[PDB]
file start-v3.txt (compact mmCIF, C-alpha atoms and all ligand atoms)
# COMPACT_ATOMS: atom_id res chain seq x y z
CA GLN A 127 18.88 18.31 -12.36
CA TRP A 128 16.90 19.94 -9.53
CA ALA A 129 17.90 21.95 -6.44
CA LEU A 130 16.38 22.85 -3.03
CA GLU A 131 16.23 26.47 -4.25
CA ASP A 132 13.42 25.59 -6.70
CA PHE A 133 11.00 24.50 -3.96
CA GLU A 134 9.17 26.40 -1.24
CA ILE A 135 8.82 24.04 1.73
CA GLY A 136 5.39 23.92 3.41
CA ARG A 137 3.68 21.97 6.19
CA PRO A 138 5.08 18.65 7.44
CA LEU A 139 3.27 15.56 6.13
CA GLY A 140 5.51 12.98 7.85
CA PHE A 144 14.82 8.27 7.60
CA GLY A 145 13.54 11.88 7.55
CA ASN A 146 10.54 14.12 6.84
CA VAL A 147 8.03 14.56 4.01
CA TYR A 148 6.96 18.14 3.32
CA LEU A 149 4.34 19.90 1.26
CA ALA A 150 6.15 21.83 -1.48
CA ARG A 151 5.60 24.23 -4.36
CA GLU A 152 7.89 24.37 -7.38
CA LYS A 153 8.66 28.07 -7.91
CA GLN A 154 8.52 28.36 -11.72
CA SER A 155 5.26 26.44 -12.26
CA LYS A 156 3.56 26.80 -8.84
CA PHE A 157 3.09 23.00 -8.97
CA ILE A 158 2.06 21.44 -5.64
CA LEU A 159 3.95 18.29 -4.64
CA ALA A 160 5.23 16.23 -1.73
CA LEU A 161 8.98 16.57 -1.26
CA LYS A 162 10.51 13.62 0.62
CA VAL A 163 13.66 14.55 2.57
CA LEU A 164 16.13 11.81 3.54
CA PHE A 165 19.56 12.25 5.11
CA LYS A 166 22.48 10.59 3.28
CA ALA A 167 23.89 9.61 6.69
CA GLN A 168 21.10 7.11 7.59
CA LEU A 169 20.93 5.82 4.00
CA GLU A 170 24.67 5.06 3.98
CA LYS A 171 24.50 3.63 7.53
CA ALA A 172 21.79 1.21 6.39
CA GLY A 173 23.41 0.71 2.97
CA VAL A 174 19.98 0.63 1.30
CA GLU A 175 20.97 3.44 -1.11
CA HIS A 176 21.17 0.82 -3.89
CA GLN A 177 17.68 -0.35 -2.84
CA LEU A 178 16.58 3.27 -3.26
CA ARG A 179 18.54 3.55 -6.53
CA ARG A 180 16.53 0.60 -7.87
CA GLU A 181 13.25 1.70 -6.23
CA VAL A 182 13.38 5.15 -7.88
CA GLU A 183 14.33 3.45 -11.16
CA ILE A 184 11.09 1.44 -10.91
CA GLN A 185 8.74 4.08 -9.43
CA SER A 186 9.50 6.80 -12.02
CA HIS A 187 9.16 4.34 -14.93
CA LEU A 188 5.56 3.37 -14.06
CA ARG A 189 2.37 5.25 -15.00
CA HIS A 190 -0.96 4.35 -13.37
CA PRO A 191 -3.79 6.48 -11.87
CA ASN A 192 -3.65 4.27 -8.75
CA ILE A 193 0.14 4.33 -8.26
CA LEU A 194 1.62 7.48 -6.70
CA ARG A 195 3.89 9.27 -9.14
CA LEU A 196 7.58 9.94 -8.56
CA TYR A 197 8.51 12.91 -10.73
CA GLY A 198 12.22 13.09 -9.96
CA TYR A 199 14.96 13.23 -7.35
CA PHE A 200 18.21 15.02 -6.43
CA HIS A 201 20.81 15.19 -3.64
CA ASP A 202 22.26 18.17 -1.76
CA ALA A 203 25.16 18.49 0.70
CA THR A 204 23.89 15.84 3.15
CA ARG A 205 20.34 15.12 1.93
CA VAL A 206 18.61 13.11 -0.82
CA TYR A 207 15.33 14.62 -2.08
CA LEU A 208 12.38 12.80 -3.68
CA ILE A 209 9.92 14.85 -5.79
CA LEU A 210 6.71 12.87 -5.24
CA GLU A 211 3.06 13.21 -6.15
CA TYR A 212 0.85 14.85 -3.53
CA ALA A 213 -2.30 12.98 -2.44
CA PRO A 214 -4.47 15.69 -0.78
CA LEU A 215 -6.88 13.45 1.14
CA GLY A 216 -4.12 11.69 3.12
CA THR A 217 -3.55 8.03 3.97
CA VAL A 218 -6.11 5.21 4.04
CA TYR A 219 -4.64 4.44 7.48
CA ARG A 220 -5.86 7.84 8.81
CA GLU A 221 -9.29 7.38 7.17
CA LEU A 222 -9.50 3.90 8.70
CA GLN A 223 -8.92 5.00 12.30
CA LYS A 224 -11.17 8.04 11.75
CA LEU A 225 -14.03 5.74 10.63
CA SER A 226 -13.12 2.53 12.52
CA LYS A 227 -14.30 0.29 9.66
CA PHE A 228 -15.29 0.66 6.01
CA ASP A 229 -18.66 -0.29 4.52
CA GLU A 230 -18.78 -2.85 1.68
CA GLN A 231 -19.09 -0.27 -1.12
CA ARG A 232 -15.97 1.59 0.06
CA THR A 233 -14.10 -1.70 0.55
CA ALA A 234 -15.01 -3.06 -2.91
CA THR A 235 -13.88 0.13 -4.71
CA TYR A 236 -10.50 0.26 -2.93
CA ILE A 237 -10.01 -3.47 -3.57
CA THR A 238 -10.93 -2.93 -7.24
CA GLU A 239 -8.52 0.02 -7.57
CA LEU A 240 -5.84 -2.09 -5.86
CA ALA A 241 -6.43 -5.15 -8.05
CA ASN A 242 -6.11 -2.85 -11.08
CA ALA A 243 -2.91 -1.22 -9.84
CA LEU A 244 -1.47 -4.66 -9.02
CA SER A 245 -2.53 -6.27 -12.32
CA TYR A 246 -0.68 -3.42 -14.02
CA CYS A 247 2.38 -4.02 -11.82
CA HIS A 248 2.26 -7.78 -12.44
CA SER A 249 2.06 -7.19 -16.20
CA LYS A 250 5.22 -5.05 -15.86
CA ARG A 251 6.96 -7.88 -13.91
CA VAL A 252 6.85 -5.95 -10.60
CA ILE A 253 5.72 -7.68 -7.40
CA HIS A 254 5.01 -5.16 -4.63
CA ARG A 255 4.82 -7.37 -1.47
CA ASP A 256 4.05 -4.45 0.89
CA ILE A 257 0.63 -2.87 0.51
CA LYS A 258 -0.88 -1.76 3.81
CA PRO A 259 -3.13 1.18 4.76
CA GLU A 260 -0.19 3.49 5.67
CA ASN A 261 1.18 2.87 2.13
CA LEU A 262 -2.20 3.70 0.59
CA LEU A 263 -2.93 7.35 -0.21
CA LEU A 264 -6.03 9.19 -1.41
CA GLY A 265 -6.17 11.53 -4.42
CA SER A 266 -8.42 14.60 -4.70
CA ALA A 267 -11.27 12.57 -6.20
CA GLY A 268 -10.84 10.04 -3.36
CA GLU A 269 -9.06 7.44 -5.49
CA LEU A 270 -6.56 5.01 -3.96
CA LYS A 271 -2.80 5.41 -4.64
CA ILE A 272 0.06 2.98 -3.89
CA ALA A 273 3.25 4.58 -2.52
CA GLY A 291 9.26 -5.01 10.52
CA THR A 292 5.61 -6.00 11.00
CA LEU A 293 4.31 -9.32 9.57
CA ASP A 294 0.54 -8.69 9.27
CA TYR A 295 0.45 -8.49 5.45
CA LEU A 296 3.09 -11.07 4.54
CA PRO A 297 2.05 -14.50 3.18
CA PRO A 298 3.11 -17.84 4.80
CA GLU A 299 5.52 -18.62 1.93
CA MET A 300 7.28 -15.30 2.53
CA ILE A 301 7.67 -15.42 6.34
CA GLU A 302 8.87 -19.04 6.05
CA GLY A 303 11.55 -17.84 3.60
CA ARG A 304 10.40 -20.05 0.71
CA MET A 305 10.28 -19.16 -3.02
CA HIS A 306 7.45 -16.75 -3.92
CA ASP A 307 5.86 -15.06 -6.95
CA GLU A 308 2.95 -12.81 -7.98
CA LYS A 309 0.54 -14.63 -5.64
CA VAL A 310 2.11 -12.76 -2.70
CA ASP A 311 0.09 -9.63 -3.56
CA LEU A 312 -3.09 -11.72 -3.64
CA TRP A 313 -2.59 -12.74 0.01
CA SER A 314 -2.01 -9.06 0.89
CA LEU A 315 -5.21 -8.09 -0.94
CA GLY A 316 -7.09 -10.57 1.28
CA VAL A 317 -5.49 -9.17 4.44
CA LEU A 318 -6.43 -5.64 3.29
CA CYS A 319 -10.00 -6.62 2.42
CA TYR A 320 -10.44 -8.09 5.92
CA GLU A 321 -8.88 -5.01 7.60
CA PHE A 322 -11.07 -2.59 5.63
CA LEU A 323 -14.24 -4.37 6.74
CA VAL A 324 -13.16 -5.20 10.31
CA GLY A 325 -10.81 -2.35 11.34
CA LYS A 326 -8.00 -4.78 12.19
CA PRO A 327 -5.82 -7.26 10.24
CA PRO A 328 -6.98 -10.94 10.28
CA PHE A 329 -3.76 -12.19 11.94
CA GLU A 330 -3.08 -9.34 14.39
CA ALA A 331 -1.44 -10.26 17.71
CA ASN A 332 0.38 -8.52 20.56
CA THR A 333 3.73 -10.07 19.60
CA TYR A 334 5.70 -10.75 16.41
CA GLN A 335 5.94 -14.37 17.63
CA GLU A 336 2.19 -14.99 17.99
CA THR A 337 1.52 -13.23 14.65
CA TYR A 338 4.07 -15.49 12.93
CA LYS A 339 2.29 -18.62 14.20
CA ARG A 340 -1.12 -17.19 13.28
CA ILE A 341 -0.08 -16.41 9.68
CA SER A 342 1.67 -19.76 9.10
CA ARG A 343 -1.31 -21.66 10.52
CA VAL A 344 -3.54 -19.27 8.51
CA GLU A 345 -5.83 -18.79 11.52
CA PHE A 346 -8.40 -16.00 11.31
CA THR A 347 -12.09 -15.64 12.17
CA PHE A 348 -14.84 -13.32 10.94
CA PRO A 349 -16.92 -11.03 13.18
CA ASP A 350 -20.68 -11.55 12.85
CA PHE A 351 -21.25 -8.40 10.75
CA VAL A 352 -19.03 -9.64 7.89
CA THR A 353 -21.22 -10.88 5.02
CA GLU A 354 -20.80 -14.30 3.36
CA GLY A 355 -19.97 -12.54 0.08
CA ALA A 356 -17.01 -10.87 1.77
CA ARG A 357 -16.11 -14.04 3.72
CA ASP A 358 -15.94 -16.03 0.47
CA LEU A 359 -13.62 -13.58 -1.34
CA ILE A 360 -11.31 -13.21 1.69
CA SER A 361 -11.21 -17.00 2.24
CA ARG A 362 -10.26 -17.45 -1.42
CA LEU A 363 -7.50 -14.84 -1.17
CA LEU A 364 -6.15 -16.16 2.14
CA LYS A 365 -5.27 -19.69 0.96
CA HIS A 366 -2.02 -21.10 2.36
CA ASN A 367 -1.18 -22.66 -0.99
CA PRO A 368 -0.34 -19.76 -3.36
CA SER A 369 -1.68 -21.75 -6.36
CA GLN A 370 -5.23 -21.83 -4.94
CA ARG A 371 -5.46 -18.02 -4.70
CA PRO A 372 -7.49 -16.39 -7.52
CA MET A 373 -5.91 -14.37 -10.33
CA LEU A 374 -6.60 -10.63 -10.21
CA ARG A 375 -9.15 -10.96 -13.03
CA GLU A 376 -11.22 -13.32 -10.83
CA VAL A 377 -11.05 -10.78 -7.98
CA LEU A 378 -12.37 -8.03 -10.27
CA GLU A 379 -15.16 -10.39 -11.42
CA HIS A 380 -16.20 -11.70 -7.97
CA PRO A 381 -19.98 -11.31 -7.25
CA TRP A 382 -19.22 -9.38 -4.04
CA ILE A 383 -16.90 -6.94 -5.87
CA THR A 384 -19.42 -6.74 -8.74
CA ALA A 385 -22.34 -5.85 -6.44
CA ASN A 386 -20.50 -3.19 -4.42
CA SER A 387 -17.72 -1.50 -6.47
CA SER A 388 -17.80 1.65 -8.66
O1 LIG B 1 -2.54 13.83 7.15
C1 LIG B 1 -2.45 14.69 6.25
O2 LIG B 1 -2.79 15.88 6.38
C2 LIG B 1 -1.88 14.26 4.89
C3 LIG B 1 -0.92 13.26 4.80
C4 LIG B 1 -0.40 12.89 3.56
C5 LIG B 1 -0.83 13.54 2.40
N1 LIG B 1 -0.38 13.22 1.17
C6 LIG B 1 0.81 12.70 0.84
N2 LIG B 1 1.15 12.72 -0.46
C7 LIG B 1 2.30 12.23 -0.89
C8 LIG B 1 3.18 11.69 0.04
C9 LIG B 1 2.81 11.66 1.38
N3 LIG B 1 1.63 12.17 1.76
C10 LIG B 1 3.61 11.14 2.39
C11 LIG B 1 3.52 11.86 3.59
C12 LIG B 1 4.28 11.45 4.68
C13 LIG B 1 5.13 10.36 4.56
CL1 LIG B 1 6.08 9.87 5.91
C14 LIG B 1 5.23 9.65 3.36
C15 LIG B 1 4.47 10.05 2.27
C16 LIG B 1 4.65 9.26 1.13
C17 LIG B 1 4.80 7.87 1.26
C18 LIG B 1 5.96 7.21 0.80
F1 LIG B 1 6.96 7.89 0.21
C19 LIG B 1 6.09 5.83 0.95
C20 LIG B 1 5.08 5.09 1.56
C21 LIG B 1 3.93 5.73 2.02
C22 LIG B 1 3.79 7.11 1.87
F2 LIG B 1 2.68 7.71 2.33
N4 LIG B 1 4.65 9.74 -0.12
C23 LIG B 1 4.48 11.15 -0.55
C24 LIG B 1 -1.79 14.54 2.50
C25 LIG B 1 -2.31 14.91 3.74
call {"tool": "encode", "arguments": {"input": "start-v3.txt", "output": "structure tokens"}}
result
Amino acid sequence: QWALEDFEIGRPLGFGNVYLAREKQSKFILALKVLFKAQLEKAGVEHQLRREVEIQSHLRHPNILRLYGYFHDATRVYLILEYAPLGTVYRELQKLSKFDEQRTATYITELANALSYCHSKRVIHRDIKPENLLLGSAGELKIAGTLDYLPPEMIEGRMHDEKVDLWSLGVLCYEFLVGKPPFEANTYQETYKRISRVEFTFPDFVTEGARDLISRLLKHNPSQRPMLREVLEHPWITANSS
């Protein structure tokens, strides 16, 4: 059982705010997520958070952000999270516009690993996107509305499985190389039609090796999408990863 008295709150990092924090006894640096019990009870997704924390703190992977613990105060609910010093992949993306193939392949590899571990633990993520991707001190990737990353089977409300994260991995591979998601539009409506029709095009600079992998991942039929092992063994990933 923790308390707010154990932590020294630092700079803001972000239904509330995420702060830099230092545990007093150990001097351990962490991110402390602050959420108000008012918004959580007004949305009723406190059970969704009860289950989410049950899952997040039970998993151990170098590419999944760690949740150490949690606790609630008078009106707040606190999440003791890992701290990823180099920030979000979303900030890196807009600070560099696009990623080269070697950076893309490594992230994709680290993702495929983190997902293959999740899929072996019967967990399907559904929602990877740059703003949910964080960077550790070594620069390694870490996994912590808008339709851009959702598969056709999901937005159409059909039954879905592990192949959902394969679609997302395709969308992320495209975005890394291009700077924008393959189905981006100015409205939720247009984006919906573009995803369901699976209509995307490649800019000239995108190599055929990348085009192939993305085109394999972005199949409408979930069954035709490669397994994560095939992703990690793709010639384009092979040639460019770390
Ligand atoms: O720009 C900088 O200087 C910067 C920014 C971030 C970090 N590192 C860091 N480390 C851990 C966390 C966060 N950020 C963080 C920060 C803010 C918010 Cl709104 C959410 C989180 C999250 C998060 C989460 F809970 C769900 C989904 C995605 C998340 F990103 N998780 C803890 C370092 C430097």
call {"tool": "atom_distance", "arguments": {"input": "start-v3.txt", "atom1": "CA of residue 136 in chain A", "atom2": "CA of residue 220 in chain A"}}
result
20.4 Å
call {"tool": "closest_residue", "arguments": {"input": "start-v3.txt", "among": "A:127, A:261, A:337, A:192", "to": "ligand LIG 1 (chain B)", "atoms": "only C-alpha atoms and all ligand atoms"}}
result
A:261
call {"tool": "atom_distance", "arguments": {"input": "start-v3.txt", "atom1": "atom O1 of ligand LIG 1 (chain B)", "atom2": "CA of residue 216 in chain A"}}
result
4.8 Å
call {"tool": "closest_atom_pairs", "arguments": {"input": "start-v3.txt", "of": "chain A", "to": "ligand LIG 1 (chain B)", "cutoff": "10 Å", "atoms": "all atoms listed in the file", "output": "tab-separated table"}}
result
residue	atom	partner	partner_atom	distance
A:137	CA	B:LIG1	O2	8.9
A:138	CA	B:LIG1	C12	7.8
A:139	CA	B:LIG1	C12	4.5
A:140	CA	B:LIG1	CL1	3.7
A:144	CA	B:LIG1	CL1	9.0
A:145	CA	B:LIG1	CL1	7.9
A:146	CA	B:LIG1	CL1	6.2
A:147	CA	B:LIG1	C12	4.9
A:148	CA	B:LIG1	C11	7.2
A:149	CA	B:LIG1	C6	8.0
A:159	CA	B:LIG1	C7	7.3
A:160	CA	B:LIG1	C7	5.0
A:161	CA	B:LIG1	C23	7.1
A:162	CA	B:LIG1	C23	6.6
A:163	CA	B:LIG1	CL1	9.5
A:194	CA	B:LIG1	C7	7.5
A:195	CA	B:LIG1	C23	8.8
A:196	CA	B:LIG1	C23	8.7
A:208	CA	B:LIG1	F1	8.3
A:209	CA	B:LIG1	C23	8.4
A:210	CA	B:LIG1	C23	5.5
A:211	CA	B:LIG1	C7	5.4
A:212	CA	B:LIG1	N2	3.7
A:213	CA	B:LIG1	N2	4.0
A:214	CA	B:LIG1	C24	4.4
A:215	CA	B:LIG1	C24	5.4
A:216	CA	B:LIG1	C24	3.7
A:217	CA	B:LIG1	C4	5.8
A:218	CA	B:LIG1	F2	9.3
A:219	CA	B:LIG1	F2	9.5
A:220	CA	B:LIG1	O1	7.0
A:221	CA	B:LIG1	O1	9.3
A:256	CA	B:LIG1	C20	9.6
A:257	CA	B:LIG1	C20	9.2
A:258	CA	B:LIG1	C21	9.1
A:259	CA	B:LIG1	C21	8.8
A:260	CA	B:LIG1	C21	5.9
A:261	CA	B:LIG1	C21	4.0
A:262	CA	B:LIG1	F2	6.6
A:263	CA	B:LIG1	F2	6.2
A:264	CA	B:LIG1	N1	7.4
A:265	CA	B:LIG1	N1	8.2
A:266	CA	B:LIG1	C24	9.8
A:271	CA	B:LIG1	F2	9.2
A:272	CA	B:LIG1	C21	7.6
A:273	CA	B:LIG1	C20	4.5
call {"tool": "closest_residue", "arguments": {"input": "start-v3.txt", "among": "A:198, A:245, A:204, A:131", "to": "residue 168 in chain A", "atoms": "all atoms listed in the file"}}
result
A:204
call {"tool": "residues_around", "arguments": {"input": "start-v3.txt", "residues": "residue 344 in chain A", "least_positions_apart": "5", "cutoff": "9 Å", "atoms": "only C-alpha atoms", "output": "PyMOL selection string"}}
result
chain A and resi 298+329+339+364-366
call {"tool": "decode", "arguments": {"input": "start-v3.txt", "residues": "range 300-318 of chain A", "atoms": "N, CA, C and O atoms", "output": "mmCIF file, in the first residue's frame"}}
result
data_model
loop_
_atom_site.group_PDB
_atom_site.id
_atom_site.type_symbol
_atom_site.label_atom_id
_atom_site.label_comp_id
_atom_site.auth_asym_id
_atom_site.auth_seq_id
_atom_site.Cartn_x
_atom_site.Cartn_y
_atom_site.Cartn_z
ATOM 1 N N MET A 300 -12.757 -4.789 -37.316
ATOM 2 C CA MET A 300 -13.027 -4.145 -36.039
ATOM 3 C C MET A 300 -14.021 -2.992 -36.187
ATOM 4 O O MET A 300 -15.019 -2.938 -35.465
ATOM 5 N N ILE A 301 -13.754 -2.087 -37.128
ATOM 6 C CA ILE A 301 -14.644 -0.946 -37.381
ATOM 7 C C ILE A 301 -16.024 -1.362 -37.901
ATOM 8 O O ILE A 301 -17.003 -0.638 -37.715
ATOM 9 N N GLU A 302 -16.094 -2.526 -38.546
ATOM 10 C CA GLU A 302 -17.363 -3.070 -39.029
ATOM 11 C C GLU A 302 -18.069 -3.909 -37.957
ATOM 12 O O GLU A 302 -19.128 -4.485 -38.209
ATOM 13 N N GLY A 303 -17.470 -3.968 -36.767
ATOM 14 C CA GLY A 303 -18.072 -4.620 -35.601
ATOM 15 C C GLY A 303 -18.091 -6.141 -35.603
ATOM 16 O O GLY A 303 -18.712 -6.750 -34.732
ATOM 17 N N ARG A 304 -17.411 -6.755 -36.570
ATOM 18 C CA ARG A 304 -17.351 -8.215 -36.688
ATOM 19 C C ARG A 304 -16.490 -8.859 -35.590
ATOM 20 O O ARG A 304 -15.885 -8.162 -34.768
ATOM 21 N N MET A 305 -16.444 -10.194 -35.586
ATOM 22 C CA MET A 305 -15.575 -10.953 -34.680
ATOM 23 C C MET A 305 -14.111 -10.816 -35.102
ATOM 24 O O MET A 305 -13.794 -10.850 -36.294
ATOM 25 N N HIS A 306 -13.225 -10.660 -34.121
ATOM 26 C CA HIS A 306 -11.803 -10.440 -34.391
ATOM 27 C C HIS A 306 -10.885 -11.149 -33.393
ATOM 28 O O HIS A 306 -11.300 -11.478 -32.278
ATOM 29 N N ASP A 307 -9.634 -11.362 -33.798
ATOM 30 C CA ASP A 307 -8.679 -12.141 -33.005
ATOM 31 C C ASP A 307 -7.307 -11.470 -32.868
ATOM 32 O O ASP A 307 -7.214 -10.256 -32.679
ATOM 33 N N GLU A 308 -6.251 -12.275 -32.961
ATOM 34 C CA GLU A 308 -4.872 -11.805 -32.832
ATOM 35 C C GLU A 308 -4.391 -11.041 -34.066
ATOM 36 O O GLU A 308 -3.438 -10.261 -33.985
ATOM 37 N N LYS A 309 -5.057 -11.268 -35.198
ATOM 38 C CA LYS A 309 -4.668 -10.676 -36.480
ATOM 39 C C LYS A 309 -4.884 -9.158 -36.516
ATOM 40 O O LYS A 309 -4.364 -8.468 -37.399
ATOM 41 N N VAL A 310 -5.650 -8.656 -35.550
ATOM 42 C CA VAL A 310 -5.914 -7.227 -35.389
ATOM 43 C C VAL A 310 -4.625 -6.424 -35.193
ATOM 44 O O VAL A 310 -4.471 -5.339 -35.757
ATOM 45 N N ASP A 311 -3.699 -6.979 -34.413
ATOM 46 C CA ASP A 311 -2.420 -6.329 -34.131
ATOM 47 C C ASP A 311 -1.456 -6.398 -35.312
ATOM 48 O O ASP A 311 -0.476 -5.648 -35.368
ATOM 49 N N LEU A 312 -1.738 -7.296 -36.252
ATOM 50 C CA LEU A 312 -0.951 -7.393 -37.476
ATOM 51 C C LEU A 312 -1.298 -6.260 -38.437
ATOM 52 O O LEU A 312 -0.403 -5.669 -39.047
ATOM 53 N N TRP A 313 -2.593 -5.953 -38.546
ATOM 54 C CA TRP A 313 -3.067 -4.793 -39.308
ATOM 55 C C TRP A 313 -2.431 -3.508 -38.785
ATOM 56 O O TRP A 313 -1.902 -2.711 -39.568
ATOM 57 N N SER A 314 -2.485 -3.326 -37.464
ATOM 58 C CA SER A 314 -1.911 -2.164 -36.779
ATOM 59 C C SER A 314 -0.426 -2.016 -37.062
ATOM 60 O O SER A 314 0.061 -0.906 -37.275
ATOM 61 N N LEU A 315 0.281 -3.143 -37.068
ATOM 62 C CA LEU A 315 1.714 -3.167 -37.338
ATOM 63 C C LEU A 315 2.021 -2.695 -38.764
ATOM 64 O O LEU A 315 3.060 -2.073 -39.006
ATOM 65 N N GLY A 316 1.111 -2.991 -39.692
ATOM 66 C CA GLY A 316 1.198 -2.497 -41.065
ATOM 67 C C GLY A 316 0.986 -0.998 -41.137
ATOM 68 O O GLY A 316 1.755 -0.284 -41.786
ATOM 69 N N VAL A 317 -0.059 -0.526 -40.457
ATOM 70 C CA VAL A 317 -0.373 0.904 -40.375
ATOM 71 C C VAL A 317 0.795 1.684 -39.760
ATOM 72 O O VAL A 317 1.129 2.777 -40.224
ATOM 73 N N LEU A 318 1.418 1.112 -38.732
ATOM 74 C CA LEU A 318 2.564 1.744 -38.074
ATOM 75 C C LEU A 318 3.825 1.726 -38.916
ATOM 76 O O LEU A 318 4.608 2.677 -38.871
#
